[PDB]
């Protein structure tokens with residue numbers, strides 16, 4: 002197909018215009034005073050919302066180059082959620098703030114490379130300053146404060162989350178499910194989570210949640226390549242007869258099997274999920290055996306001598322629930338026997354004692370920790386289903402926030418930490434004038450999010466920005482009360498991880514984009 | 002009338018367009034490798050010329066705003082010519098460089114005030130360094146070298162220039178006249194020069210020369226306003242009867258008399274020109290008295306009861322020749338008697354001895370210097386009239402150059418000194434990013450002349466400029482021979498004053514441009 | 002007035018277009034096979050012609066830049082006529098070829114000034130080659146051969162020219178006048194010719210002749226500037242009363258006097274011709290005195306105290322006829338008495354005896370020769386005025402040709418000399434590829450005119466071109482006979498001067514044009 | 413050596429190559445001048461003025477050249493900025509082949525839009 006080509010100035014300015022469109026469309030939601038956006042729904046009624054994530058997913062421009070520019074920033078910003086639940090809006094705002102001045106500098110004419118390297122130096126210094134400014138949060142009381150703050154001051158949810166974390170350490174896996182009644186329950190159950198996403202978004206039965214949820218699904222553990230549906234005919238027939246869902250845990254699925262499963266999911270003929278086995282090689286095999294033990298199924302591999310055309314519900318693994326995402330997957334309430342689990346635990350512990358290699362010993366330590374940590378599930382109870390669901394959503398939000406908090410302490414929110422570190426790093430310099438103007442650009446961008454928040458409030462931005470910069474420490478301007486003081490004292494704060502991730506990703510996109518000479522795309 | 006108004010970018014871009022068009026039309030003539038430019042002339046065939054001054058004078062753009070920019074640049078750059086001979090090409094090339102870079106920086110969003118301040122500071126530093134690098138010219142040998150260089154290897158012309166300089170002192174006014182015979186002559190005749198010029202271009206009997214010349218005209222000495230032509234009635238009647246030209250020196254001329262003289266010259270009724278009386282007040286009165294003594298004329302005043310309507314041919318002074326310019330006016334070969342001249346000289350000497358006040362002492366000192374020995378003139382003899390003509394032209398140019406030399410020394414030519422000082426002034430810095438960028442802009446800009454010259458040669462301008470910058474002292478690249486070496490040896494020396502004035506004027510125009518925000522121009 | 006400005010290739014393309022149209026309109030006429038061209042005449046019926054000079058004179062293009070190029074080429078070619086009448090078409094063809102090749106090379110990127118230098122060096126080599134190849138033209142036999150060749154093989158006019166040349170030596174000025182009978186007459190008459198043309202184009206009573214002719218006009222010798230018609234009142238009125246024509250010779254005529262004389266000529270009030278005095282200063286005064294002695298008039302100047310306001314017909318000198326050319330003026334049949342002529346001749350002879358320097362002796366020798374050589378008149382005789390007129394025109398052309406031939410030898414025609422030197426100059430080279438390509442351009446283009454003539458013959462051009470190149474000496478292709486052989490034997494030949502000047506002028510135009518980068522024209 | 417340093421050096425080494433006519437000579441000059449193109453382009457990508465570094469490298473001999481990474485000079489071999497001979501030779505030869513085939517193009521046949 003004939004491809005249009007643009008070089009230098011025109012291409013970069015087109016991308017900049019697209020980026021400005023996206024930023025103007027998204028940032029308006031930022032801040033407690035966040036405005037509203039309306040999303041056209043051709044089939045039915047429109048929906049109001051403030052979720053920058055939703056607005057971003059909806060944005061798609063007409064001109065190809067503008068669409069290109071918008072989409073790249075969308076893609077990078079999405080990873081803010083993958084990192085720490087929230088932050089996409091901050092990432093996009095920083096992207097616009099950097100890129101505007103950066104491309105202005107380019108147009109004026111300076112070594113774009115030197116500008117990029119200066120940006121990177123400034124961002125690294127910013128990361129160091131964030132680490133210095135961070136405040137740890139591991140105590141139960143601080144954890145509860147963070148959680149309730151995230152959930153809009155719900156001490157009950159905060160306490161529940163803190164109790165779950167105490168019960169299963171701060172590394173265990175936590176999940177949420179609907180409470181049977183008004184009360185709430187904190188359980189301990191077998192299961193395990195591993196860094197594996199879904200093989201195709203089509204598997205998503207819960208698109209609004211951006212996840213895959215399955216109830217009492219069968220489990221398949223085939224440690225080998227998968228390309229042909231013919232291999233899965235008997236298990237598929239048995240699953241259809243039973244009516245329960247299926248899960249596919251294999252080395253990989255492609256070709257005919259992949260296409261057939263995709264078609265079935267698209268037409269909803271059968272609900273089944275697939276994901277690549279965690280890890281690789283020998284440790285992957287060991288983890289698969291562990292999963293079989295925990296699930297009550299059986300590992301099947303041609304090297305062992307059994308075929309997928311002979312597998313039956315008896316040796317197929319079974320569990321009462323599982324959850325899968327674009328990134329991670331977890332097992333809920335397996336079927337494996339606790340005695341067998343303990344035997345496997347002792348076996349792997351003995352293997353650890355045998356393991357002289359430090360790396361392999363750490364791998365086995367992680368495996369045994371995952372196996373023995375079980376799983377903790379919190380049951381959300383409310384008078385009405387609506388209340389239950391809202392509390393569940395807030396619980397997930399606070400759980401993500403607390404995860405990030407235990408990960409990287411916490412810092413004052415409202416972009417206050419960003420502007421504070423910006424003021425601190427005012428005397429950073431590079432190896433050339435272009436690099437130094439890059440430093441200036443980086444700082445001018447880091448000043449943006451607070452200005453946007455204030456603009457949303459109504460008061461003139463630069464006034465409050467300068468006042469806060471003149472302040473120090475945790476000092477800042479609370480939008481909620483439209484006053485000044487300490488965010489930590491006022492109870493507003495952000496998980497340092499989100500700020501770090503947003504700044505780093507914004508710097509990455511700016512660096513990639515400022516170094517674009519030729520674009521190419523398909524003609525209409 | 003309704004006016005078209007532009008603000009900011011919409012206006013500065015247009016001024017940049019006009020300036021760039023003018024620069025592209027002019028600079029091509031720079032350097033010993035100057036190209037050819039065809040200038041239209043709606044009488045017959047077009048004229049090929051290499052005179053950047055003529056090219057600029059002819060340049061004028063259709064668009065109102067582009068014409069505005071081009072005309073203002075022309076006007077200001079012309080001051081370099083008026084001060085130190087040629088001036089124009091270097092002034093325009095510089096102005097273009099600084100204006101382009103400054104507008105690019107301003108579009109880059111930098112404080113224009115600080116940009117202008119930095120440019121001016123760099124100009125100051127460059128002026129000081131150039132003065133330091135100046136090669137003094139205080140000897141007959143150096144004067145002759147400069148003269149022959151200016152006249153393209155004319156040792157005899159240089160020798161004549163040196164002889165005249167010695168005869169009439171360095172500051173002594175000098176001019177040239179067509180030689181009567183083959184041999185050249187250096188005579189001394191009574192005359193005087195004062196910093197005044199004609200009032201209307203219509204008085205220019207020799208528009209090609211840009212100067213007014215009259216042979217044995219009459220001289221008017223009325224130190225009062227010329228209210229009405231009634232005063233000029235008997236004067237013009239007697240002048241027409243005598244069939245002679247007439248020179249008018251008056252304190253002031255009103256609109257009626259000015260327009261009457263304008264129409265008289267347009268119709269050529271009488272060869273009459275007007276010039277402001279030198280100086281003002283008492284010193285003006287004294288100078289007019291001295292002029293009367295020199296010319297044999299009579300002072301006309303109401304205090305003495307002597308009015309113009311009663312004036313006769315006797316009252317007006319005479320002098321065999323006269324020359325006038327934009328601001329330079331000289332009386333040549335006055336008719337007054339040496340006895341009266343000596344008497345006035347003695348009177349002024351006694352006044353000097355009586356002068357307790359310094360200011361008045363120096364006033365009388367320049368008066369006596371002006372009156373001492375009158376003027377020395379060059380008789381440009383040649384075998385044929387053509388030879389006489391071009392010898393006279395080149396001799397006048399060399400005279401201007403030698404004046405500039407004896408004034409402000411001399412430096413390496415071809416604009417090399419500009420880069421020689423720019424490289425040395427790299428360490429200069431301002432009080433913020435804006436001033437720093439302005440300084441760097443000026444530092445880059447000064448390269449323009451040499452780079453344009455080498456480009457005309459066709460060699461790699463960047464390579465040659467880098468080599469010269471690596472060089473030192475008067476070492477440089479002779480575009481004429483396409484060789485390197487010390488510019489002093491090959492004798493390509495540019496007068497210091499012309500370069501200084503060109504740089505100053507370019508800086509002034511650049512500052513006024515950058516500081517401009519709004520234009521008002523008539524609707525096209 | 003705003004001007005349209007063009008640059009670079011987009012500028013020189015229009016110059017090339019203009020030159021191409023001019024060449025395609027002129028060159029076709031060149032050669033014995035000259036194709037007819039018909040010129041517009043608003044008066045009515047058009048005119049068929051092959052006069053390339055006329056065709057060029059009548060060319061004017063709509064586009065301003067094409068007009069510029071065509072006018073420049075026309076004016077430069079005009080110098081071919083100025084030199085020897087012929088050669089204008091040859092110059093135009095050479096200009097077309099050189100310009101096309103040079104602009105093509107410039108498009109190739111070759112350095113323009115290096116190209117120009119190569120062109121000029123090759124041209125100088127060709128000049129010296131032709132100088133070597135020249136065959137002397139002198140003595141009765143060669144004079145008669147040249148004359149009859151010029152007059153289309155008319156031994157009659159050839160013999161007349163030879164007899165006149167013998168009568169009046171070599172440098173003796175000769176003239177052509179209408180006779181009174183069938184037979185012809187040679188004579189010695191009093192007159193003189195000086196290098197001064199008409200002071201206004203309106204003085205050309207014979208526009209077809211491009212020269213002034215007056216029958217027994219009065220002669221005015223005013224050795225002073227002439228600015229006002231008031232000076233010429235009495236003489237003009239006396240001339241009008243007498244009804245005779247008037248000739249004006251003055252040191253300078255300008256301003257109101259010139260304007261009034263032009264108005265009178267346009268209105269036919271009085272037949273007046275104006276010309277500047279010869280030379281300058283002392284030699285000008287001496288020549289004016291000699292002219293007065295020859296004419297019987299009196300020199301008028303303020304130095305003697307005699308004013309033109311008192312001049313009379315008796316005061317003015319008289320001669321039966323006078324002629325003024327584009328650049329030279331001649332007086333025929335002066336009234337000055339032989340006694341006075343001998344007296345002045347002896348005075349100047351004594352002055353020669355007192356003469357010291359070779360410069361003075363040569364000047365005086367030239368003056369005495371011009372005075373004492375007299376003049377000869379070719380009284381064309383024939384049966385009818387028509388044939389008399391054609392014979393007169395042929396005599397004029399043959400006189401020009403013979404003058405040039407005796408001046409600078411003579412060489413074969415048909416550009417065969419050009420191609421011969423082109424062949425001889427294969428070896429030449431230069432310091433760089435640009436110089437070499439310039440040389441090749443020069444040779445190839447200089448080879449063009451013979452190809453054009455052949456193309457007019459209807460034969461294949463390159464065949465004859467290479468045949469001649471293979472040939473040697475004066476061997477060539479006689480277009481009239483359509484046969485090869487020696488030009489000298491077949492009586493085909495042209496003056497050396499005409500071809501030399503044509504080549505030089507074409508080279509000069511090519512250099513000037515290729516050195517063009519910027520063009521400025523009035524807006525259409 | 414890499415960075416087009418070998419190509420520019422050889423191009424320098426071919427100063428006085430010649431052909432049987434000026435057309436061949438200009439063809440050779442075109443080839444040699446084109447040889448420099450990669451080094452000039454990479455220098456431009458550095459953002460600094462190309463001809464400077466081009467002539468600077470042409471002045472030296474052996475392996476002296478320009479390093480983009482360090483922005484400095486030295487023995488390109490010692491910094492390890494080097495390429496296999498085969499790749500550069502094949503690139504030059506293929507470029508020459510395609511250029512010759514293109515320059516020898518007179519007529520064109522293709523389908524309409």
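Chains as they are written, first to last, in the entry's author numbering: chain N, 2 to 525; chain E, 2 to 525; chain D, 2 to 525; chain H, 413 to 525. Note that beta-carbon positions come from the ideal geometry of N, C-alpha and C, so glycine has one too.
Close Cβ partners of residue i (< 7 Å) along its chain, the five nearest in sequence each way excluded
i: residue 243/D; result: 314
i: residue 489/H; result: 413, 475
Cβ neighbours of residue i in the same chain (closer than 6 Å, five flanking residues each side left out)
i: residue 75/E; result: 57
i: residue 476/E; result: 487
i: residue 225/N; result: 252, 302, 303
i: residue 223/N; result: 251, 301, 309
i: residue 470/H; result: 424
For residue i, the first and last residue of its enclosing alpha helix (DSSP H)
i: residue 458/E; result: 449 to 458
i: residue 532/D; result: As displayed, chain D neither begins before 2 nor continues past 525, which places residue 532/D out of reach and without an answer.
i: residue 410/E; result: No alpha helix (DSSP H) contains residue 410/E, which DSSP labels as neither H nor E.
Opening and closing residue of the beta strand (DSSP E) in which residue i lies
i: residue 475/N; result: No beta strand (DSSP E) holds residue 475/N; DSSP gives it neither H nor E.
i: residue 223/E; result: 219 to 227
i: residue 194/D; result: 192 to 195
Beta-carbon contacts of residue i that lie in its chain and below 8 Å, excluding the five residues immediately before and after
i: residue 36/D; result: 29, 30, 51, 457
Contact between the region 286 to 300 of chain D and the region 181 to 201 of chain D (3+ Cβ pairs under 8 Å): yes
Contact between the region 419 to 433 of chain D and the region 124 to 139 of chain D (3+ Cβ pairs under 8 Å): yes
Cβ pair count under 8 Å reaching 3, the region 253 to 272 of chain D against the region 322 to 332 of chain D: no
Cβ pair count under 8 Å reaching 3, the region 49 to 58 of chain E against the region 27 to 40 of chain E: yes
Inter-stretch contact (C-beta, 8 Å, three-pair minimum) for the region 2 to 19 of chain E and the region 508 to 518 of chain E: yes
Three-pair Cβ contact test at 8 Å for the region 350 to 366 of chain N versus the region 164 to 173 of chain N: no
Contiguous beta strand (DSSP E) assignments of at least 3 residues, all confined to the region 241 to 309 of chain D: 247 to 254, 273 to 277
Sufficient close CB pairs (3 or more, under 8 Å) joining the region 346 to 356 of chain N to the region 266 to 273 of chain N: no
Inter-stretch contact (C-beta, 8 Å, three-pair minimum) for the region 383 to 400 of chain E and the region 100 to 115 of chain E: no
Residues of the region 103 to 120 of chain E with Cβ closer than 7 Å to any Cβ of chain N, in chain order: 105, 106, 108, 109, 110
Contact between the region 501 to 509 of chain N and the region 495 to 514 of chain E (3+ Cβ pairs under 8 Å): no
Interfacial residues, the region 453 to 472 of chain H to chain N, with Cβ spacing under 7 Å: 459
Stretch-stretch touch, CB-based, cutoff 8 Å, three pairs: the region 143 to 153 of chain N with the region 400 to 410 of chain N: yes
Cβ contact check for the region 104 to 117 of chain E and the region 431 to 445 of chain E: 3 or more pairs under 8 Å: yes
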